[PDB]
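Report on the structure given below.
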Amino acid sequence: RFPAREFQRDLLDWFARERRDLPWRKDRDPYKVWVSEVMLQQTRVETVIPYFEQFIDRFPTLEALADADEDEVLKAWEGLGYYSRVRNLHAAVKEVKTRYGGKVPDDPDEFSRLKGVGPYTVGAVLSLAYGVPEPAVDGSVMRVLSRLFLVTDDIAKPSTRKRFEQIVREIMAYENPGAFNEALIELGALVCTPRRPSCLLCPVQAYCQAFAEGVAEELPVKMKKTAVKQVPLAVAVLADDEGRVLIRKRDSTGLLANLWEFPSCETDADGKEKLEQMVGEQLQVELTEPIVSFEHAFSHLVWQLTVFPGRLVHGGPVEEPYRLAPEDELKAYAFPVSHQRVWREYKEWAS
DNA sequence: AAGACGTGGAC
DNA sequence: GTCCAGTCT
Ligand code: SF4
Ligand SMILES: [Ca+2]
Ligand SMILES: [Ca+2]
Ligand SMILES: [Ca+2]
(Lines give C-alpha, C1' and ligand atoms only; values in the text may rest on other atoms or scores of the structure.)
(Ligands and ions follow the chains in the order given, each with its own letter.)
Protein backbone atom coordinates (compact mmCIF):
# COMPACT_ATOMS: atom_id res chain seq x y z
CA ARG A 1 0.00 0.00 0.00
CA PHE A 2 2.81 2.37 1.06
CA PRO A 3 6.10 2.43 -0.91
CA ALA A 4 8.08 1.98 2.26
CA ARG A 5 11.53 1.64 0.68
CA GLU A 6 10.90 4.56 -1.67
CA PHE A 7 9.80 6.66 1.33
CA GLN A 8 12.79 5.40 3.32
CA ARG A 9 15.14 6.43 0.53
CA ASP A 10 13.72 9.93 0.04
CA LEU A 11 13.92 10.51 3.80
CA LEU A 12 17.35 9.07 4.62
CA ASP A 13 18.98 10.99 1.76
CA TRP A 14 17.36 14.20 2.95
CA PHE A 15 18.64 13.39 6.44
CA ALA A 16 22.22 12.97 5.25
CA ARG A 17 21.94 16.27 3.36
CA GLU A 18 20.21 18.43 6.03
CA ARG A 19 21.30 16.88 9.37
CA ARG A 20 22.25 19.56 11.92
CA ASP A 21 25.66 19.08 13.57
CA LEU A 22 24.37 18.96 17.12
CA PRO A 23 26.67 18.18 20.05
CA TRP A 24 25.05 14.84 20.92
CA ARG A 25 25.57 13.68 17.33
CA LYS A 26 29.39 13.82 17.41
CA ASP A 27 29.32 10.09 18.24
CA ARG A 28 26.87 7.30 19.09
CA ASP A 29 28.01 6.79 22.68
CA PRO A 30 24.98 5.45 24.60
CA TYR A 31 25.70 7.56 27.69
CA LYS A 32 25.78 10.85 25.80
CA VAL A 33 22.76 9.92 23.67
CA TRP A 34 20.91 8.93 26.83
CA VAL A 35 21.66 12.26 28.51
CA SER A 36 20.68 14.24 25.42
CA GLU A 37 17.46 12.33 24.86
CA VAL A 38 16.42 12.96 28.46
CA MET A 39 17.29 16.66 28.29
CA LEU A 40 15.29 16.98 25.09
CA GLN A 41 12.05 15.68 26.62
CA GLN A 42 9.65 18.61 26.51
CA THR A 43 12.61 20.96 25.99
CA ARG A 44 13.77 22.85 22.91
CA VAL A 45 17.08 21.93 21.28
CA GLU A 46 18.35 25.52 21.30
CA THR A 47 17.70 25.53 25.05
CA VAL A 48 19.38 22.18 25.70
CA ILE A 49 22.63 22.69 23.76
CA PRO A 50 24.36 24.64 26.58
CA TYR A 51 23.04 22.46 29.41
CA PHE A 52 24.28 19.36 27.61
CA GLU A 53 27.81 20.72 27.27
CA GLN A 54 28.08 21.79 30.89
CA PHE A 55 26.62 18.47 31.98
CA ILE A 56 29.00 16.35 29.90
CA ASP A 57 31.94 18.51 30.99
CA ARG A 58 31.10 17.95 34.67
CA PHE A 59 29.96 14.33 34.14
CA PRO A 60 31.83 12.93 31.13
CA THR A 61 31.03 9.23 31.61
CA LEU A 62 28.24 7.15 33.05
CA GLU A 63 30.38 6.55 36.16
CA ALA A 64 31.17 10.22 36.76
CA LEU A 65 27.45 10.91 36.92
CA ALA A 66 26.85 7.90 39.16
CA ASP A 67 29.62 8.86 41.61
CA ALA A 68 28.32 12.46 41.85
CA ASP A 69 26.33 13.88 44.74
CA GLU A 70 22.64 14.37 44.07
CA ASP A 71 23.10 18.10 44.73
CA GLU A 72 25.86 18.54 42.14
CA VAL A 73 23.66 16.97 39.46
CA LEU A 74 20.63 19.13 40.28
CA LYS A 75 22.81 22.24 40.03
CA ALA A 76 23.85 21.13 36.54
CA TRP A 77 20.14 20.79 35.63
CA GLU A 78 19.25 24.13 37.23
CA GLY A 79 16.78 26.00 35.03
CA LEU A 80 16.03 23.20 32.55
CA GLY A 81 12.78 22.15 34.25
CA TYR A 82 11.03 18.87 35.01
CA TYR A 83 13.71 18.00 37.51
CA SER A 84 12.53 14.47 38.24
CA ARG A 85 14.05 13.65 34.84
CA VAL A 86 17.52 14.17 36.30
CA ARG A 87 16.80 12.47 39.62
CA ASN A 88 15.58 9.47 37.60
CA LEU A 89 18.61 9.57 35.30
CA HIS A 90 21.02 9.76 38.25
CA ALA A 91 19.36 6.76 39.88
CA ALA A 92 19.11 4.96 36.53
CA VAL A 93 22.81 5.59 35.88
CA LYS A 94 23.66 4.42 39.40
CA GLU A 95 21.75 1.22 38.66
CA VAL A 96 23.67 0.67 35.43
CA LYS A 97 26.99 0.95 37.28
CA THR A 98 25.95 -1.10 40.34
CA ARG A 99 23.87 -3.66 38.47
CA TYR A 100 25.24 -3.74 34.93
CA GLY A 101 28.85 -2.65 35.50
CA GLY A 102 28.68 0.64 33.63
CA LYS A 103 27.37 -0.78 30.35
CA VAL A 104 24.11 0.65 29.08
CA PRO A 105 21.76 -2.29 28.41
CA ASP A 106 21.05 -2.98 24.75
CA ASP A 107 17.96 -5.06 25.64
CA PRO A 108 14.73 -3.00 25.42
CA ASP A 109 13.07 -4.80 28.30
CA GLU A 110 16.23 -4.50 30.40
CA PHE A 111 16.77 -0.82 29.60
CA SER A 112 13.11 0.17 30.09
CA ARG A 113 13.47 -1.16 33.64
CA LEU A 114 15.53 1.93 34.50
CA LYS A 115 13.81 4.90 36.12
CA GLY A 116 12.78 7.60 33.69
CA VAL A 117 13.08 5.31 30.64
CA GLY A 118 9.78 5.01 28.83
CA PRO A 119 8.80 4.14 25.28
CA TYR A 120 10.43 7.08 23.52
CA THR A 121 13.72 6.87 25.39
CA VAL A 122 14.16 3.12 24.85
CA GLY A 123 13.69 3.61 21.13
CA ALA A 124 15.80 6.74 20.81
CA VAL A 125 18.79 5.51 22.77
CA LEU A 126 18.85 1.92 21.57
CA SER A 127 18.18 2.66 17.89
CA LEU A 128 20.83 5.39 17.72
CA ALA A 129 23.62 4.04 19.94
CA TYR A 130 23.17 0.28 19.43
CA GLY A 131 21.15 -0.17 16.20
CA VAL A 132 18.15 -1.83 17.89
CA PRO A 133 15.11 -1.38 15.56
CA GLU A 134 12.71 0.00 18.20
CA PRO A 135 10.49 2.98 17.32
CA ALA A 136 11.26 6.39 18.79
CA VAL A 137 7.87 8.10 18.66
CA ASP A 138 7.81 11.50 20.34
CA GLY A 139 5.27 14.27 19.87
CA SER A 140 7.11 15.41 16.76
CA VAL A 141 7.01 11.97 15.15
CA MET A 142 3.34 11.64 16.04
CA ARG A 143 2.71 14.92 14.24
CA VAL A 144 4.64 13.70 11.19
CA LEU A 145 2.93 10.33 11.05
CA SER A 146 -0.52 11.83 11.66
CA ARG A 147 -0.04 13.87 8.47
CA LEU A 148 1.71 11.19 6.39
CA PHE A 149 -1.12 8.67 6.94
CA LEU A 150 -3.93 11.10 7.82
CA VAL A 151 -4.47 9.59 11.28
CA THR A 152 -6.94 11.74 13.22
CA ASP A 153 -6.71 9.95 16.58
CA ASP A 154 -6.01 12.07 19.66
CA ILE A 155 -2.23 11.91 20.00
CA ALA A 156 -2.59 12.46 23.75
CA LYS A 157 -4.06 9.02 24.28
CA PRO A 158 -1.26 6.48 24.87
CA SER A 159 -3.12 4.20 22.48
CA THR A 160 -2.57 6.62 19.63
CA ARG A 161 1.16 6.61 20.33
CA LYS A 162 1.01 2.82 20.17
CA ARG A 163 -0.65 2.91 16.73
CA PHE A 164 2.07 5.21 15.42
CA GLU A 165 4.68 2.92 16.94
CA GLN A 166 3.11 0.06 15.00
CA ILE A 167 3.11 2.20 11.85
CA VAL A 168 6.85 2.81 12.29
CA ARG A 169 7.46 -0.93 12.55
CA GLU A 170 5.89 -1.39 9.10
CA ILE A 171 7.62 1.46 7.23
CA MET A 172 10.98 1.44 9.04
CA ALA A 173 14.35 1.00 7.34
CA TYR A 174 15.53 -2.00 9.34
CA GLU A 175 18.88 -1.62 7.54
CA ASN A 176 19.73 1.60 9.43
CA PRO A 177 17.00 1.96 12.07
CA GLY A 178 18.65 4.68 14.13
CA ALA A 179 19.08 6.88 11.08
CA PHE A 180 15.44 6.27 10.15
CA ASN A 181 14.23 7.25 13.61
CA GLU A 182 16.46 10.35 13.80
CA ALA A 183 15.37 11.41 10.31
CA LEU A 184 11.69 11.43 11.33
CA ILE A 185 12.59 13.52 14.39
CA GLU A 186 14.73 15.82 12.25
CA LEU A 187 11.96 16.00 9.65
CA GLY A 188 9.59 17.09 12.39
CA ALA A 189 12.00 19.73 13.66
CA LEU A 190 12.98 21.28 10.33
CA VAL A 191 10.23 20.68 7.74
CA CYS A 192 6.97 19.31 9.16
CA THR A 193 6.69 22.05 11.73
CA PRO A 194 3.74 22.51 14.12
CA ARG A 195 2.43 25.59 12.29
CA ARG A 196 2.85 26.42 8.59
CA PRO A 197 4.79 23.29 7.56
CA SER A 198 7.02 23.70 4.51
CA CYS A 199 5.53 20.82 2.54
CA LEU A 200 6.82 22.12 -0.81
CA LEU A 201 10.41 21.63 0.42
CA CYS A 202 9.48 18.35 2.15
CA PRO A 203 11.36 15.23 0.96
CA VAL A 204 8.23 13.09 1.39
CA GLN A 205 5.51 15.39 -0.01
CA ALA A 206 4.47 12.72 -2.52
CA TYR A 207 3.82 10.19 0.26
CA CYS A 208 1.75 12.54 2.48
CA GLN A 209 -2.04 12.20 2.48
CA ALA A 210 -2.62 15.38 4.48
CA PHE A 211 -0.89 17.50 1.83
CA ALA A 212 -2.95 15.77 -0.86
CA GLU A 213 -6.10 16.83 1.02
CA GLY A 214 -4.79 20.25 2.12
CA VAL A 215 -5.22 19.79 5.86
CA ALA A 216 -1.64 19.50 7.11
CA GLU A 217 -2.26 22.63 9.17
CA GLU A 218 -5.23 20.88 10.83
CA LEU A 219 -3.13 18.04 12.30
CA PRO A 220 -2.19 16.49 14.62
CA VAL A 221 -5.43 16.03 16.53
CA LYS A 222 -5.02 16.87 20.23
CA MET A 223 -7.41 17.81 23.03
CA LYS A 224 -7.19 21.37 24.33
CA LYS A 225 -5.23 21.71 27.57
CA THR A 226 -6.87 21.82 31.00
CA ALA A 227 -6.57 25.32 32.51
CA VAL A 228 -4.15 25.82 35.40
CA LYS A 229 -4.94 26.67 39.01
CA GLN A 230 -3.56 29.95 40.38
CA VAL A 231 -1.60 29.56 43.63
CA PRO A 232 -0.62 32.60 45.74
CA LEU A 233 2.80 32.16 47.33
CA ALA A 234 4.53 34.16 50.05
CA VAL A 235 8.34 34.24 50.02
CA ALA A 236 10.72 35.39 52.76
CA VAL A 237 14.18 36.78 51.96
CA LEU A 238 15.85 36.87 55.40
CA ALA A 239 19.38 38.13 56.10
CA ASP A 240 21.28 38.58 59.36
CA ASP A 241 23.80 41.28 60.21
CA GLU A 242 26.70 39.32 58.64
CA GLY A 243 24.91 39.21 55.25
CA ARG A 244 23.97 35.51 55.34
CA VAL A 245 20.61 34.34 54.01
CA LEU A 246 18.20 31.60 55.07
CA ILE A 247 17.24 29.02 52.44
CA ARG A 248 15.57 25.62 52.69
CA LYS A 249 15.65 22.40 50.67
CA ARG A 250 12.28 21.15 49.43
CA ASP A 251 11.07 17.62 50.10
CA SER A 252 12.28 14.93 47.69
CA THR A 253 8.63 14.28 46.72
CA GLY A 254 6.50 16.44 44.50
CA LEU A 255 7.00 19.89 43.04
CA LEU A 256 10.60 21.06 42.57
CA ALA A 257 11.86 18.12 44.60
CA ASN A 258 15.22 18.53 46.37
CA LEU A 259 15.65 22.04 44.95
CA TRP A 260 16.61 24.89 47.27
CA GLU A 261 14.32 27.84 47.82
CA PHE A 262 13.63 30.79 50.02
CA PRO A 263 11.12 29.90 52.76
CA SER A 264 7.57 30.22 51.49
CA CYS A 265 3.94 29.47 52.34
CA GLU A 266 0.91 29.09 50.04
CA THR A 267 -1.35 31.90 51.32
CA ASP A 268 -4.82 31.10 50.04
CA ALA A 269 -4.88 35.48 52.33
CA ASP A 270 -2.45 36.86 54.98
CA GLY A 271 1.11 37.15 53.67
CA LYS A 272 3.53 38.57 56.23
CA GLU A 273 1.48 36.86 58.95
CA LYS A 274 1.49 33.32 57.56
CA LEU A 275 5.20 33.75 56.76
CA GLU A 276 6.30 34.87 60.25
CA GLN A 277 4.49 32.10 62.15
CA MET A 278 5.95 29.38 59.91
CA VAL A 279 9.52 30.66 60.32
CA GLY A 280 9.58 30.48 64.11
CA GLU A 281 8.17 26.94 64.19
CA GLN A 282 11.06 25.55 62.10
CA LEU A 283 14.15 31.56 64.98
CA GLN A 284 12.88 35.02 65.97
CA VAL A 285 11.92 36.97 62.83
CA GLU A 286 9.66 39.96 62.09
CA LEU A 287 8.67 40.73 58.50
CA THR A 288 8.41 44.03 56.64
CA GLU A 289 6.16 45.10 53.77
CA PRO A 290 6.50 43.52 50.30
CA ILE A 291 8.85 44.81 47.61
CA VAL A 292 7.49 43.30 44.36
CA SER A 293 4.96 40.76 43.13
CA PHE A 294 5.28 38.58 40.01
CA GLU A 295 3.99 35.37 38.42
CA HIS A 296 5.78 32.16 37.42
CA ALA A 297 4.23 29.48 35.23
CA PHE A 298 4.27 25.73 35.57
CA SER A 299 2.59 23.37 33.15
CA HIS A 300 -0.26 22.72 35.57
CA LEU A 301 -0.39 25.82 37.81
CA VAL A 302 0.83 29.41 38.07
CA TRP A 303 2.58 30.83 41.11
CA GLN A 304 1.59 34.34 42.17
CA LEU A 305 4.59 35.28 44.31
CA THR A 306 5.02 38.08 46.86
CA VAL A 307 8.45 38.86 48.35
CA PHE A 308 8.81 40.10 51.93
CA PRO A 309 12.26 41.27 53.11
CA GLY A 310 13.22 40.76 56.74
CA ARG A 311 15.98 40.74 59.33
CA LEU A 312 17.04 37.54 61.08
CA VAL A 313 18.53 37.20 64.57
CA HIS A 314 20.11 33.93 65.68
CA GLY A 315 18.43 32.60 68.80
CA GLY A 316 19.18 28.96 68.05
CA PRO A 317 20.61 26.42 65.61
CA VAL A 318 19.57 26.27 61.99
CA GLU A 319 17.88 22.87 61.90
CA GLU A 320 17.32 20.72 58.81
CA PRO A 321 15.95 21.29 56.16
CA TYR A 322 17.22 24.87 56.59
CA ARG A 323 20.74 26.18 55.98
CA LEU A 324 22.45 29.49 56.60
CA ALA A 325 24.18 30.57 53.41
CA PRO A 326 26.41 33.59 52.88
CA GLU A 327 25.48 35.57 49.81
CA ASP A 328 28.75 34.65 48.10
CA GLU A 329 27.83 30.94 48.47
CA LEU A 330 24.22 31.08 47.21
CA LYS A 331 25.68 30.58 43.74
CA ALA A 332 26.37 26.99 44.81
CA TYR A 333 22.72 26.00 45.39
CA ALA A 334 20.18 25.04 42.73
CA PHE A 335 17.08 27.22 42.89
CA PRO A 336 13.99 27.05 40.66
CA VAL A 337 13.67 29.96 38.27
CA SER A 338 10.86 31.51 40.32
CA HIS A 339 13.16 31.88 43.32
CA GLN A 340 16.09 32.99 41.15
CA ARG A 341 13.88 35.94 40.24
CA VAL A 342 12.92 36.47 43.89
CA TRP A 343 16.58 37.05 44.65
CA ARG A 344 17.15 39.17 41.55
CA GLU A 345 14.28 41.47 42.49
CA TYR A 346 15.40 41.53 46.13
CA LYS A 347 18.98 42.42 45.22
CA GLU A 348 17.87 45.16 42.81
CA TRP A 349 15.50 46.53 45.47
CA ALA A 350 18.37 46.72 47.97
CA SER A 351 20.21 49.16 45.68
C1' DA B 1 -6.99 7.85 32.21
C1' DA B 2 -5.68 12.11 33.93
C1' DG B 3 -2.90 14.98 36.51
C1' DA B 4 1.62 16.02 38.22
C1' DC B 5 5.62 17.73 36.65
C1' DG B 6 9.42 23.61 34.51
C1' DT B 7 10.81 26.42 31.49
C1' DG B 8 11.28 29.03 27.32
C1' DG B 9 10.38 30.04 22.05
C1' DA B 10 7.34 30.55 18.34
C1' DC B 11 3.15 31.96 16.88
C1' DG C 1 -3.51 34.62 24.96
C1' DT C 2 -2.08 29.43 22.44
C1' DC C 3 0.73 25.64 21.39
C1' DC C 4 4.73 22.75 22.20
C1' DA C 5 9.55 21.66 22.90
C1' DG C 6 7.77 12.29 27.71
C1' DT C 7 7.45 9.79 32.21
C1' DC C 8 5.66 8.73 36.61
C1' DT C 9 1.39 7.63 39.17
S1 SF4 D 1 4.34 16.85 3.04
FE2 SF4 D 1 3.93 18.49 4.50
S3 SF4 D 1 2.47 17.56 6.01
FE4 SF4 D 1 3.40 15.84 4.85
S5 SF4 D 1 5.19 15.16 6.08
FE6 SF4 D 1 5.99 16.70 4.59
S7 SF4 D 1 5.87 18.67 5.69
FE8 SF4 D 1 4.56 17.18 6.85
CA1 LIG E 1 10.14 1.93 31.60
CA1 LIG F 1 10.01 16.85 19.29
CA1 LIG G 1 6.67 16.75 49.46
Side-chain angles (χ1 to χ4, degrees), chain A residues 20 22 24 34-45 47-52 74 76-92 111-112 114 116-125 134-144 146 153-156 158-162 164-165 181 185-190 192-194 197-198 217-221 226-231 233 250-257 259-261 294-303 305 334-341:
Chain A
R20 298 171 290 177
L22 302 175
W24 39 89
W34 184 6
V35 167
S36 71
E37 287 299 339
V38 170
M39 286 184 169
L40 291 160
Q41 299 177 4
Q42 314 289 289
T43 314
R44 274 172 173 273
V45 163
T47 298
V48 164
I49 285 173
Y51 282 82
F52 178 83
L74 273 159
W77 211 263
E78 182 191 44
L80 206 48
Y82 282 175
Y83 298 95
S84 50
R85 290 183 292 164
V86 74
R87 295 186 307 102
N88 288 341
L89 175 62
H90 195 202
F111 187 48
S112 195
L114 305 173
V117 180
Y120 169 74
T121 304
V122 170
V125 176
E134 291 301 315
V137 175
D138 71 340
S140 279
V141 173
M142 290 204 289
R143 172 175 72 257
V144 162
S146 81
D153 298 351
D154 190 329
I155 60 164
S159 50
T160 307
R161 190 208 85 245
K162 298 157 73 159
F164 288 131
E165 284 167 346
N181 288 0
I185 290 156
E186 193 78 351
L187 184 68
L190 305 186
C192 193
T193 58
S198 303
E217 272 157 64
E218 301 288 321
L219 291 179
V221 175
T226 306
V228 310
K229 72 188 86 75
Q230 303 276 119
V231 179
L233 190 75
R250 298 181 56 92
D251 311 326
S252 60
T253 53
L255 196 67
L256 305 162
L259 277 76
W260 292 85
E261 75 181 322
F294 62 88
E295 277 183 359
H296 185 82
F298 305 74
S299 279
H300 62 312
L301 64 91
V302 165
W303 270 355
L305 302 87
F335 294 80
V337 171
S338 50
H339 286 240
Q340 290 178 30
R341 180 168 179 197

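Scope of the values below: all heavy atoms of this structure, side chains included, with no hydrogens, waters or symmetry mates. Each chain gets a letter, A, B and so on, in the order the sequences are listed, and its residues count up from 1.
The side chain of A/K229 contributes an N or O atom lying less than 4.0 Å from OP1 or OP2 of B/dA4. Phosphate contact (OP1/OP2 of C/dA5, side-chain N/O of A/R143, threshold under 4.0 Å): present. Proximity of A/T121 to the phosphate of C/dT7: a side-chain N or O atom is located under 4.0 Å from OP1 or OP2.
Distances from the side chain of A/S299 to the nucleotides C/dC4, C/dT7, B/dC5 place B/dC5 closest. Here the nucleotide nearest the side chain of A/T226, chosen from C/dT7, B/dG3, B/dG9, is B/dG3. Closest approach to the A/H296 side chain among B/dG6, B/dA10, B/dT7 is made by B/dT7 (side chain taken as heavy atoms from C-beta onward). Of the candidate nucleotides B/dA4, C/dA5, B/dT7, B/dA4 has the atom nearest to the side chain of A/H300. Closest to the side chain of A/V337, from the set B/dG6, C/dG6, B/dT7, is B/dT7.
Rounded to an integer number of Å, the gap from A/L219 CG to C/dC4 P is 11 Å. Distance, A/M39 CE to B/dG8 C1': 16 Å, rounded to whole Å. Between the CD atom of A/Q340 and the P atom of B/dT7 there is a distance of 8 Å, given to the nearest Å. Regarding A/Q42, its CD atom lies at a distance of 9 Å from the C1' atom of C/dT7, rounded to whole Å. Straight-line distance from the OH atom of A/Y51 to the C1' atom of B/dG8: 10 Å, rounded to whole Å. Protein atom CG of A/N88 is 12 Å distant from nucleotide atom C1' of C/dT9, rounded to whole Å. The distance from atom CD of A/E295 to atom P of C/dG1 is 7 Å, rounded to the nearest whole Å. For the pair A/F52 CZ and B/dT7 P, the computed distance is 22 Å after rounding to whole Å.
Side-chain contact annotation: A/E261 with A/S338, donor-acceptor N/O pair under 3.5 Å absent.
Residues A/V302 and A/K229 form no side-chain contact, since every pair of their non-hydrogen atoms from C-beta on lies 4.5 Å or further apart. Under the 4.5 Å side-chain criterion, counting only non-hydrogen atoms from C-beta, A/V48 is not in contact with A/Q41.
Across all strands shown, A/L80 has heavy atoms under 4.0 Å from base atoms, whether or not it also approaches the sugar-phosphate. Note on A/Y82: a base of the nucleic acid sits closer than 4.0 angstrom, heavy atoms only. Counting any heavy atom pair closer than 4.0 Å across all strands shown, A/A297 reaches a base atom.
If you take atom P in B/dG6 and the same atom in C/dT9, they sit 14 Å apart, rounded to whole Å. Taking atom P in both C/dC3 and B/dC5, the straight-line distance is 22 Å, to the nearest Å.
Side-chain atoms of A/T47 stay outside donor-acceptor range of the base of B/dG8, with no qualifying N/O pair under 3.5 Å. For B/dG6, the base has no donor-acceptor partner in the side chain of A/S338 [N/O atoms by modelled type, under 3.5 angstrom].
Aromatic rings of A/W24 and A/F52 (six-membered ring for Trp) have centroids within the 6.0 Å cut-off, being under it.
The aromatic ring of A/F298 is not stacked on the base of B/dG6, since the criterion of ring centres less than 5.5 Å apart with planes inclined by under 30° is not met.
Residues satisfying the salt bridge (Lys or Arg N to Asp or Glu O under 4.0 Å) test with A/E37, not counting sequence neighbours, are none. In this structure A/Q42 satisfies the side chain to side chain contact (heavy atoms under 4.5 Å, CB included) test together with A/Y82, sequence neighbours excluded.
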